[PDB]
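Report on one structure; see the data block that follows.
So basically every Cβ, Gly included, is an ideal-geometry build from the backbone, and we count neighbours across all protein chains shown. Nothing in this text is a laboratory measurement; each read-out follows from the coordinates by a stated rule.
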């Protein structure tokens, strides 16, 4: 009845690589592309939506770029349902640390704890593990901008550029040839939108299939300002660059 | 039904009230409806076998009136009510009733009677699906004779 | 394969446990008929001919849930006892908290929620019985609600359950649509009983006796069965008629 | 196929096939009879003497519940003892609440819930036993049988075990000849008769007759075993009848 | 064309009753209808016959099974 | 006594994407047709509601249920799953909502709470997912009228027009053309009933067809007109007569 049957996901794999985690990376690459480009003065963060349905009000509904707080924004690729739970968990964690110590949580600490929850699931949770990768674009004063990505494995790795979602290789290869260490945020805006269009099978990647955000310290009087760019503002900069 | 005292009890009951048939017959002379009333109680036997016994008495009655023109109406009307309601199935007591039905058809006694009787008789056997249709059709042909004129 | 065997959503999405449960009712072969009186709810049902080992007078199908609600159960005999507990227990629940017993509609809602839960866990399975709650509610007047193993439910003007429910439906269809009445408009409750028995005998084709019967009448602020003396007295009127 | 194996999952006919497996033990077990009589109830159970190592009158399956309900069972012997315990637990709990003996109808209702509970668990197996129980109370004599699958009914006469075929065929004719019932005293002799017809079935080993009773007039609505002169005459006289 | 429809009711009657069905069903309908026509001893297919033949073939997994867990 | 499962029955398929999510979805598609048009001055939600048996009361059967006096909802898929999910959703909203706010939940918020619950069913061993899609149609200050569609996958998005069930493919296309940026409350209903006729033909009595709008505010329906600046119930469940009326003005 229940004794006989098994759907143990908590077998220690013989390859050293848990099979369930393998399939969750497949599933990530079905979901649209999200690109983190780290510059000295910010993180330029941009992700295409994967729906394209006309009846569907995509405009209103942000589904990939969620602002957690002032210095930290996350781009989602993966299962949107699984993702919702981790967004509330990540929001409450940064607030609790801010309350205890009166300092915005260093980026390192936040990313680590969230990765450790994913890990926990296959450690002895009995749970299927969340099949989501998140790029946490974060700032703190000490360490500058910091860029980390997570894996369904519960492992994070820092980078100066990363891609998740579809066309991981196509995007990564362009950024390596075109991005140089010293290009500023300003360049990266122009760079991001153009590489995305070229990976995607769409003839022009419309403004309405885009989500764009930046986290910058080049906001006056030594302050940090984020702005999730609204669909029509994406459109003007879409025309300049000649995609449209 | 399930009860098996009725079988014996009722056969006995019919026979004793068949020796009372001439008493019923004299009362029938004064008032057919009163002699009819006694027979109604009687043809509410619950068991079929004793129904068959009891339905003989009813056959004998209409011969002696020879023949009624108001009391025979109630009788036609009743037989209808017994079969449609229950009869304990539409077939169960309705074979017994067939010998009762049969007598109108074959009597053919008075031209006065014959015209009137066919319209009333065929109306009853309509919606039944046993032997009655063979009889029903033949008497219909007797109105066609009248309709020729 | 496996998915199908145990409770969990099959590829098709069918719940095989539920389909089998519906076959299960018919296996008891119990037939019911319920009509709505003018001011009463009459439900009558068969009971299989008694054994000399059993006591013929015992009943175990009827259960007095509360003053308002009587219940007749069609399906697995062992599970009917199981179900009878839950209806009375939640009936009493509503008296403490909300200060009076459940209505008929409101008891059905509650059993249905419980049914749904029983299906998701493996260990728990849906009660294979089909439950027929009878009541006269005040607001709705005469009411019958039929609640299913699934957790599916709906009220009825008149209902039938069993392998030969097919025959009863056709009879009631004839009875109630042609006349054009939603329920029997006869005032005296006695003549509703007279008449529901009459339709049962007609429809399945087999005469009933005291032993098969069992007459449930629910009225405003009462559920009662008729005494054995009265059952026999209704028989005398039925035969003459 | 797979629906059967999985305990408490609907068989494709309907109802878990394990409940049917459990029934089979009860047939393989010893005869037990329960007779409703005028005065009360008379229980008899066939106790096989496999060997003389066995201690006469001392491998009773007769276990008192409260003080006025005999209980005796057939089938898997450990299963019974758990359900026996369960009856006890239930009786006492009623006396906590309501300060008076449980009625026999109420006992029959409340015992039945326990069987169903385990059989809507996949984790906890069926009971392997039919229980005959009953006694005399304030509301009179009452006889109930809890089938292995959980069903309670009134009975004029009840039987379980291998020799129920013999037991049944007699009890039907005995009720046909005596529709006004018979005293529990006379039925002590007549229980003994019935068991003898059933030991044609269980003819492999010798036996020992054990009757207990609870009667309105003669045990004064308490339950106690039948022994000494009452029991002896019952043996003696019945024997003659069956020759 | 094959056999003049009876004048019991119009040509246009057949048309109304089909509402979306394909040719294959139309053919099964017309086949049954004229079979029963032969018995009466009229070679004309009655407009009643097609009516009954159309009406039937309703089965195709009813609504009972569906509605207990898809509705 | 708990099932000896200690693990998620739900596994990733070896090709990605949960088995069970796919399994649950089929039910929504198989089940009967529902459509909705979001409008600027309301929302029309419409569904077929066929007699189960003519003898069955066809009035007590419901597929419209209340979440708040402002927001109503209709589904397609498993009927018994819906009933329970509604009850959970009343508690999840109301009590907790009143404690942190003390109002009725805006539509955006209400829809998101429902999404997490669907996910937790699936994730949890011993509990198989709820396979129902609900359309939650409602009003809030800050977004005008809104329509969200909530998938059994635990994901939501708002739509101008949507349909689920068998007839969804046909319906969506018909509507697509008829939808305008500016819409009359009266026209949204005409257009809705017109399409609904094509889902299954016949039975256009307003009894067997269940129609509701999230119309305009009434202190009349509110049952107190002593201060009529209070919001009335936005949600209105239409009578059969009202529907009968709409057929003549179509």
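May I ask you to list the residues in the range D:137-155 that are surrounded by fewer than 20 Cβ atoms within 10 Å (Cβ to Cβ) and more than 7 Å from chain C (Cβ to nearest Cβ)?
D:138, D:139, D:140, D:147
Pick from the range F:69-81 the residues that are in contact (Cβ under 8 Å) with a residue 60 or more places away in the chain and in contact with a helix residue (DSSP H, G or I) (Cβ under 8 Å, 6 or more places away or on another chain): which of them is farthest from the other protein chains (Cβ to nearest Cβ)?
Initially, the range F:69-81 is screened for residues in contact (Cβ under 8 Å) with a residue 60 or more places away in the chain, giving F:69-77.
With in contact with a helix residue (DSSP H, G or I) (Cβ under 8 Å, 6 or more places away or on another chain) added as a condition, the list becomes F:71, F:73, F:75-77.
Working: F:71: 18, F:73: 16, F:75: 10, F:76: 8, F:77: 7 Å.
Step by step, filter the range F:69-81, then rank; the result is F:71.
Just to verify a result, which residue in the range C:8-27, among those that are more than 7 Å from every other protein chain (Cβ to nearest Cβ) and in contact (Cβ under 8 Å) with a residue 60 or more places away in the chain, is farthest from residue C:225 (Cα to Cα)?
Among residues in the range C:8-27 that are more than 7 Å from every other protein chain (Cβ to nearest Cβ) and in contact (Cβ under 8 Å) with a residue 60 or more places away in the chain, the one farthest from residue C:225 (Cα to Cα) is C:22.
Does residue A:48 satisfy the condition of being surrounded by fewer than 21 Cβ atoms within 10 Å (Cβ to Cβ) and within 27 Å of residue A:73 (Cα to Cα)?
no
Residues F:21, F:100: which one is more than 10 Å from every other protein chain (Cβ to nearest Cβ), more than 16 Å from the chain's Cα centre (by Cα) and farther than 28 Å from residue F:182 by Cβ? Before you say what the answer is, go through the steps one by one.
Values: F:21 fails: more than 10 Å from every other protein chain (Cβ to nearest Cβ).
When all the criteria are applied, what remains is F:100.
Hey, among A:136, A:148, A:121, which residue is closer than 24 Å to residue A:24 by Cα and over 18 Å from the mean Cα position of the chain (by Cα)?
Among A:136, A:148, A:121, only A:121 is closer than 24 Å to residue A:24 by Cα and over 18 Å from the mean Cα position of the chain (by Cα).
Pick from A:9, A:60, A:54: which is buried (at least 16 other Cβ atoms within 10 Å of the Cβ), within 9 Å of another protein chain (Cβ to nearest Cβ) and part of a loop (DSSP other than H, G, I, E, B)? Show your work before the answer.
Values: A:60 fails: buried (at least 16 other Cβ atoms within 10 Å of the Cβ); A:54 fails: buried (at least 16 other Cβ atoms within 10 Å of the Cβ).
Selected residue: A:9, the only one of A:9, A:60, A:54 that is buried (at least 16 other Cβ atoms within 10 Å of the Cβ), within 9 Å of another protein chain (Cβ to nearest Cβ) and part of a loop (DSSP other than H, G, I, E, B).
How about the range D:156-166: which of its residues are within 10 Å of chain C (Cβ to nearest Cβ) and either more than 24 Å from residue D:126 (Cα to Cα) or in contact with a helix residue (DSSP H, G or I) (Cβ under 7 Å, 6 or more places away or on another chain) (or both)?
D:156, D:157, D:159
Please go through the range F:125-142 and give me each residue that is more than 18 Å from the chain's Cα centre (by Cα) and facing another protein chain (nearest Cβ under 9 Å), ordered by number. Talk me through it step by step, then tell me what you get.
Of the residues in the range F:125-142, the ones more than 18 Å from the chain's Cα centre (by Cα) are F:125-129, F:141-142.
F:125, F:126, F:127, F:128, F:129 - these are the residues of the range F:125-142 that are more than 18 Å from the chain's Cα centre (by Cα) and facing another protein chain (nearest Cβ under 9 Å).
Let me confirm something: among C:138, C:93, which residue is part of a loop (DSSP other than H, G, I, E, B) and more than 10 Å from chain F (Cβ to nearest Cβ)?
Checking each option against the conditions leaves just C:138.
Only one of C:168, C:144, C:117 is part of a strand (DSSP E or B) and within 14 Å of chain F (Cβ to nearest Cβ); which? Give the derivation first.
Details: C:168 fails: part of a strand (DSSP E or B); C:117 fails: part of a strand (DSSP E or B).
After ruling out the rest, the residue left standing is C:144.
In the range F:41-57, which residues are in contact (Cβ under 8 Å) with a residue 24 or more places away in the chain, within 14 Å of chain C (Cβ to nearest Cβ) and surrounded by 19 or more Cβ atoms within 10 Å (Cβ to Cβ)?
Filtering the range F:41-57 down to residues in contact (Cβ under 8 Å) with a residue 24 or more places away in the chain leaves F:41-51.
Keeping just the survivors that are within 14 Å of chain C (Cβ to nearest Cβ) gives F:49-51.
Of everything in the range F:41-57, just one residue is in contact (Cβ under 8 Å) with a residue 24 or more places away in the chain, within 14 Å of chain C (Cβ to nearest Cβ) and surrounded by 19 or more Cβ atoms within 10 Å (Cβ to Cβ), namely F:49.
Name the residue that is surrounded by the most Cβ atoms within 10 Å (Cβ to Cβ), counting only residues in the range D:210-243 that are farther than 30 Å from residue D:139 by Cα and touching a helix residue (DSSP H, G or I) at 6+ places or on another chain (Cβ under 7 Å).
D:238
Do we have residue F:26 as more than 14 Å from chain C (Cβ to nearest Cβ), within 21 Å of the chain's Cα centre (by Cα) and either in contact (Cβ under 8 Å) with a residue 12 or more places away in the chain or farther than 30 Å from residue E:62 by Cβ (or both) here? Don't jump to the end; show me each part of the working.
Values: more than 14 Å from chain C (Cβ to nearest Cβ): no; within 21 Å of the chain's Cα centre (by Cα): yes; either in contact (Cβ under 8 Å) with a residue 12 or more places away in the chain or farther than 30 Å from residue E:62 by Cβ (or both): yes.
For residue F:26, the condition - more than 14 Å from chain C (Cβ to nearest Cβ), within 21 Å of the chain's Cα centre (by Cα) and either in contact (Cβ under 8 Å) with a residue 12 or more places away in the chain or farther than 30 Å from residue E:62 by Cβ (or both) - is not met.
Which members of the range C:61-77 meet the condition of being part of a loop (DSSP other than H, G, I, E, B) and either within 26 Å of residue C:199 (Cβ to Cβ) or more than 10 Å from every other protein chain (Cβ to nearest Cβ) (or both)?
First, the residues of the range C:61-77 that are part of a loop (DSSP other than H, G, I, E, B): C:61, C:65-69, C:75-76.
Selection gives C:61, C:65, C:66, C:67, C:68, C:69, C:75.
State all residues of the range B:117-132 that are surrounded by fewer than 14 Cβ atoms within 10 Å (Cβ to Cβ), assigned to a helix (DSSP H, G or I) and over 14 Å from the mean Cα position of the chain (by Cα); if no residue qualifies, say none.
B:119, B:123
For the range A:180-214, which residues satisfy the criterion of being assigned to a loop (DSSP other than H, G, I, E, B) and in contact with a strand residue (DSSP E or B) (Cβ under 6 Å, 6 or more places away or on another chain)?
A:184
Taking the range C:37-60, which residues are surrounded by 19 or more Cβ atoms within 10 Å (Cβ to Cβ), assigned to a loop (DSSP other than H, G, I, E, B) and in contact (Cβ under 8 Å) with a residue 40 or more places away in the chain?
Scanning the range C:37-60 gives C:37, C:40, C:46.
For residue A:87, indicate whether it is in contact with a helix residue (DSSP H, G or I) (Cβ under 9 Å, 6 or more places away or on another chain), surrounded by fewer than 17 Cβ atoms within 10 Å (Cβ to Cβ) and assigned to a helix (DSSP H, G or I). Don't jump to the end; show me each part of the working.
Working: in contact with a helix residue (DSSP H, G or I) (Cβ under 9 Å, 6 or more places away or on another chain): no; surrounded by fewer than 17 Cβ atoms within 10 Å (Cβ to Cβ): yes; assigned to a helix (DSSP H, G or I): yes.
In short, no.
Which number in (1) within 14 Å of chain A (Cβ to nearest Cβ); (2) out of contact with any helix residue (DSSP H, G or I) (no Cβ under 9 Å at 6 or more places or on another chain) marks the one condition that residue D:126 misses?
Status for residue D:126: all satisfied but (2).
Run down C:84, C:80 and say which single residue is more than 7 Å from every other protein chain (Cβ to nearest Cβ) and in contact (Cβ under 8 Å) with a residue 24 or more places away in the chain. Break it down into steps so the answer makes sense when it comes.
Numbers: C:84 fails: in contact (Cβ under 8 Å) with a residue 24 or more places away in the chain.
Result of the check over C:84, C:80: C:80.
Does residue C:205 qualify as being closer than 30 Å to residue E:63 by Cβ and within 9 Å of another protein chain (Cβ to nearest Cβ)?
Numbers: closer than 30 Å to residue E:63 by Cβ: yes; within 9 Å of another protein chain (Cβ to nearest Cβ): yes.
Answer is yes for this residue.
Filter the range D:190-201 down to residues that are more than 16 Å from residue D:173 (Cβ to Cβ), surrounded by fewer than 18 Cβ atoms within 10 Å (Cβ to Cβ) and in contact (Cβ under 8 Å) with a residue 40 or more places away in the chain, then give me how many there are.
Result for the range D:190-201: 1.
Quick one: is residue A:217 exposed (fewer than 15 other Cβ atoms within 10 Å of the Cβ) and in contact (Cβ under 8 Å) with a residue 40 or more places away in the chain? Spell out the reasoning first.
Details: exposed (fewer than 15 other Cβ atoms within 10 Å of the Cβ): no; in contact (Cβ under 8 Å) with a residue 40 or more places away in the chain: yes.
It is false that residue A:217 is exposed (fewer than 15 other Cβ atoms within 10 Å of the Cβ) and in contact (Cβ under 8 Å) with a residue 40 or more places away in the chain.
Would you list the helices (runs of 4 or more DSSP H) that sit entirely within the range F:147-250 and hold 1 or more residues that are surrounded by 18 or more Cβ atoms within 10 Å (Cβ to Cβ)? Don't jump to the end; show me each part of the working.
Details: elements: F:168-178, F:185-199, F:219-222, F:240-248.
Fully inside the range F:147-250 and qualifying: F:168-178, F:185-199, F:240-248.
Just one of A:67, A:118, A:99 is surrounded by 14 or more Cβ atoms within 10 Å (Cβ to Cβ), assigned to a helix (DSSP H, G or I) and away from chain F (no Cβ under 11 Å); which is it? If you could, list the steps in order and put the result at the bottom.
On the way: A:67 fails: assigned to a helix (DSSP H, G or I); A:99 fails: surrounded by 14 or more Cβ atoms within 10 Å (Cβ to Cβ).
None of the other options fit; the residue is A:118.
Hand me the list of strands (runs of 3 or more DSSP E) wholly inside the range D:1-101 holding 3 or more residues that are under 13 Å from the mean Cα position of the chain (by Cα) and closer than 30 Å to residue A:1 by Cα.
On the way: elements: D:32-36, D:40-48, D:63-65, D:69-75.
Qualifying strands (runs of 3 or more DSSP E): D:69-75.
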